[PDB]
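Engineer: As a preliminary step, the opening chains of the complex are given here in situ:
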Amino acid sequence: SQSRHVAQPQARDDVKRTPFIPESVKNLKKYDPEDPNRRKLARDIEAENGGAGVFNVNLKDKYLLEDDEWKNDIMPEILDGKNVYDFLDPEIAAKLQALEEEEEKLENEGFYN
Amino acid sequence: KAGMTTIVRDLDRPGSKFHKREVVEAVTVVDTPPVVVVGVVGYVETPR
Amino acid sequence: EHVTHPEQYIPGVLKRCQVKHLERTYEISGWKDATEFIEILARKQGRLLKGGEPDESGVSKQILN
Amino acid sequence: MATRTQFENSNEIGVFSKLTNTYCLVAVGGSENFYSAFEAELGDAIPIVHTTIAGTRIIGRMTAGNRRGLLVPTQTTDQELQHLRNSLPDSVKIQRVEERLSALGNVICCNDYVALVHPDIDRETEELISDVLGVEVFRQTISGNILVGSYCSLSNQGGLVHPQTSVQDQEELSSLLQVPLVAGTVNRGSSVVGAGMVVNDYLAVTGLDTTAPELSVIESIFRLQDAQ
Amino acid sequence: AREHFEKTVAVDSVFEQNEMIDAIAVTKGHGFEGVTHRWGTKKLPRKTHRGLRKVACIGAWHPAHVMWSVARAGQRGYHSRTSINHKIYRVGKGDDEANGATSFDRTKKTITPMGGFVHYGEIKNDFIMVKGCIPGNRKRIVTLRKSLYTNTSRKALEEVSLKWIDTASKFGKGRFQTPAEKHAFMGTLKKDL
Amino acid sequence: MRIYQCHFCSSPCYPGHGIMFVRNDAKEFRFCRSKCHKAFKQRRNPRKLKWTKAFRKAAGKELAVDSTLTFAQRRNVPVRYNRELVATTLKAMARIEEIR
């Protein structure tokens, strides 16, 4: 029956496009659910702490900080009616000190006489 | 009973759809100064 | 009156009737299809609902009657 | 290395999870079975992050990103954005986009190198994709289908487009992406392939109800099986 | 009890946070109220003779009486009710300022809304904040009871983690949590120079 | 949670307060109270209503361009957590409110 295909990319530019496979992936052991010593998946911790709907996962114990002692510390959200996250800024000390210099200049120039 | 107000709660209810999500709740505030004991009553258990 | 979508039976009318006669019973011409025969007739007769659209179901009811 | 999984009995893996070369985002819901079905194929090699985007479990269609960065819609709360930053290492830029087409996963179909976007995404958002994700951007439709992210699954190896993709549209999109393209289905005849699976260079996860020929074409066009 | 005959008992010596308690109070009173809202009977059609806010047929040919089950008008409210399983969200302390502050909200404020509560003053004392609504209106004595059974719901086990308490004014569309915040949002007024 | 600002009068809309309107453009319109919501539905201009902050800024009733008013912006790209950085942020905010 005449009524019944992978298109290939003729090259556009000479930019090196190459696949990425990280080393920790390529050094990885392929999973084997028959080992006594295989990697402990998340179900396993989930199973020995109460079950699927009872295991209260700590999302905090897996994120990456400069100090594991503030792994579980609460970041404040609100203070005096201001969004802490929106004032949150690296080098906030730099802008704050520039503000302080400008403000004590305004004082010594006589802005609140 | 003093009144009611609004609470944001960081809900940790595993198996829920609001798990790990802030949820706004209404709550009731009951003003409770300490109560002070002034007496005892003893109850016997009778066939009536 | 109780026909729920009388706009669909109009191509039936155009099948039964002849264009030579249908151009004359209603003084309208050059419809490419029944679905636009209704709309050209309704604009001719002023059977436009509030907002500029033709009273398409009601004109269909009138055509069937 | 295509894998079959169901997030709470749904074959739409690409809705409930995001997968790039160097991280994996999986929705928060119920149990850890979906998370562990990613972890078995990944381990601790790349971070697997539970997350919600604006409280929804549809993070795969809401966020868009590759190994270089991650874009999240303007609806994502500050807590979720902080969570994504804290979880992922600094090699992954994270950006909240003030953009209308909030479902960035449907709107942006990108690999590490090139991106396809909705034909009417904002110029600021095109520029922000080019900066953050480090890709060159093309406004295209997958044979008239504007939601390119849902109707095209893409990696650096190859890409899969929805079955009604014309032959010359396959050819043109393959030229733009510089990968071989094929038009197939996932999850037994679903034309929505971007939502139907997640894929990178070394892993593809599809819904459990994918037919065996569909995995054959997936593992061919995406070059999963080792030493192909 | 003999050791306690003039000592007080604080509320945190009876209840504590994340406990389910019962609230036993006499509800708010509404006076003589008709069937349409004392029982939720449907309103009769418009301009029905003899009126439309009343139950239409009362009885059959027998038992030749109005039954006790037929909804009749009378007193609504001020009934004694026992409402159970109210999760304690906060056991506050009177001396502790920043009652209404949490670890996510650092404003250092008490649970007293601006303008106090409406029809009730400040909270200068220990307080119990329970999830949801309680029988009885404000100003009313309520009896809080320990749960009569070891509840097996997972709600009774949860630790409650407040992010924020609404201490905005209940006497209007209150938009500020503290008078300090209201002043800093308004700016200086004409009372100020 | 966060304080949004009323799309009409720029007032703080705390969690649980006001309502929101979403157009066909995904542009959310927060309102602190039904007053501002109704004034918006009626197509009233907030820059000609004297009790809005937009009017007071446009007319010059209150200071608009300042150094203290630039510190609060919506942080798109986030930063990793740090107790020292966040404590300096809280101290900074306490300083900025005083100076402003």
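Structural biologist: Structure received. Numbers count the residues shown, from 1 in each chain, chains lettered A, B, ... in the order given.

Engineer: Confirm residue E:156 sits in a helix?
Structural biologist: Yes - the assignment for residue E:156 is a helix, going by DSSP: H, G, I helix; E, B strand; the rest coil.

Engineer: Could you give the bridge partners of the residue nearest to it when sequence neighbours are not counted?
Structural biologist: In space, residue E:156 comes closest to residue E:20 once its chain neighbours are excluded; the distance is 4.8 Å by C-beta to C-beta, 6 or more residues apart in numbering or on different chains. Placement of C-beta: from N, CA and C, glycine included. Residue E:20 has the following beta-bridge partners by DSSP bridges: residue E:87.

Engineer: pretty sure residue E:20 contacts residue E:87?
Structural biologist: Yes - the pair residue E:20 and residue E:87 qualifies as a contact (C-beta atoms under 8 Å) at a distance of 5.6 Å.

Engineer: which residues do these two both contact?
Structural biologist: Residues touching both residue E:20 and residue E:87 (C-beta atoms under 8 Å, 6 or more residues apart in numbering or on different chains) are E:155, E:156.

Engineer: wait, residue B:33 sits on residue E:125?
Structural biologist: Yes - judged on C-beta under 8 Å, residue B:33 makes contact with residue E:125 at a distance of 4.0 Å.

Engineer: build in chain G:
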Amino acid sequence: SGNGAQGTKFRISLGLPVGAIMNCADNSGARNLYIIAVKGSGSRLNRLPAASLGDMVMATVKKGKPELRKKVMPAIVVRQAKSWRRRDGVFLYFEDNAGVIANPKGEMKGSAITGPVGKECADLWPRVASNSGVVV
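Structural biologist: With chain G now in place:
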């Protein structure tokens, strides 16, 4: 919940009783849908079956493509003009109440959805989330 619905659905205020015309958000060619029934509704005596965001209805295409009218196909409400509550407390509403044509297993007849889609409906229906360019 329904067939093809992902997980449970919480209460939101019912906006769409039977007999309500709602816009067709998708590009299947329908211009508006007429709710004749609502899936999952209980049997209260005089209560009209009502629909809300994320709910599957039965709708007839009243205006639009003649290949679609005079037929009763399932639909999934994606927008709503009745203000409902989001648990991170805010009551919100859309400017119109609209829906999309779906087969009873959840798949979209159309290939796209125009305008916003509530997250309570995108979350519940994966094929809606996968066809919606704008969520919330």
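
Engineer: Chain B against chain G: which residues are in contact?
Structural biologist: When proximity is defined by C-beta under 8 Å from any C-beta of the partner chain, chain B lies next to chain G at B:6, B:8, B:17, B:18, B:21, B:22, B:23, B:24.

Engineer: now swap in chain E and tell me
Structural biologist: Near chain G, when you scan chain E using C-beta under 8 Å from any C-beta, you find residue E:42.

Engineer: For chain E, which segments are assigned as strands?
Structural biologist: E:8-9, E:20-26, E:29-33, E:74-77, E:80-92, E:127-131, E:143-146, E:162-165 (DSSP state E).

Engineer: Same question for chain B.
Structural biologist: According to DSSP E, the strands that chain B contains are B:3-11, B:21-31, B:35-36.

Engineer: Could I get the ones you listed in TSV, plus columns for mean neighbour count and distance to chain C?
Structural biologist: Converted to TSV, those look like this (neighbours: other C-beta atoms under 10 Å in any protein chain shown; distance: least, C-beta to the nearest C-beta, whole Å):
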stretch	mean neighbour count	distance to chain C
strand B:3-11	22	44
strand B:21-31	22	42
strand B:35-36	12	70
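
Engineer: here's chain H, drop it onto the model above:
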Amino acid sequence: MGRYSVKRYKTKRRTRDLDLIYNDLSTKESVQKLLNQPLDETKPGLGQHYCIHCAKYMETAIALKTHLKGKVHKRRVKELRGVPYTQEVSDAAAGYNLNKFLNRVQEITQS
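Structural biologist: Putting chain H onto the chains we already have gives this:
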């Protein structure tokens, strides 16, 4: 709350908003699309005769020409000259994203 305002400003009867109209007017492409429009059996005049500012349809060229000489058209035109009131304006008025408000105003003024 009354009768007239609830009768006219329902979400059913909600009309096009002013910033959207401003963006319709912003580019020559959108305006030339809105004037030379495809025919549309539902819209008055089959979709021709569009007033861009008022965002409502007239039945004929006479009703459009009469519309352009009326105080309703003047009222709409005056409402659109300056800087459209967006969330930028309601944000910066409380000290929030003030920089983007300012440079948006500069971009609008220069273009």
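
Engineer: What residues does chain A have near chain E?
Structural biologist: Listed as neighbours of chain E in chain A under the rule C-beta under 8 Å from any C-beta: A:54, A:74, A:75, A:76, A:77, A:78, A:79, A:80, A:81.

Engineer: Of these, which are in range of chain D?
Structural biologist: Residues of these in contact with chain D (C-beta under 8 Å from any C-beta): A:75, A:77.

Engineer: Type out the PyMOL command that picks the buried ones from the residues of chain A next to chain E.
Structural biologist: Buried residues among the residues of chain A next to chain E (16 or more other C-beta atoms under 10 Å in any protein chain shown), as a PyMOL selection:
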select buried, chain A and resi 75+76+77+78+79+80+81
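
Engineer: Any idea how many residues pack against residue 82?
Structural biologist: Using chain A here. 25 (other C-beta atoms under 10 Å in any protein chain shown).

Engineer: oops, I was thinking of chain H
Structural biologist: 13.

Engineer: residue contacts, it?
Structural biologist: Residue H:82 neighbours (C-beta under 8 Å, 6+ apart): none.
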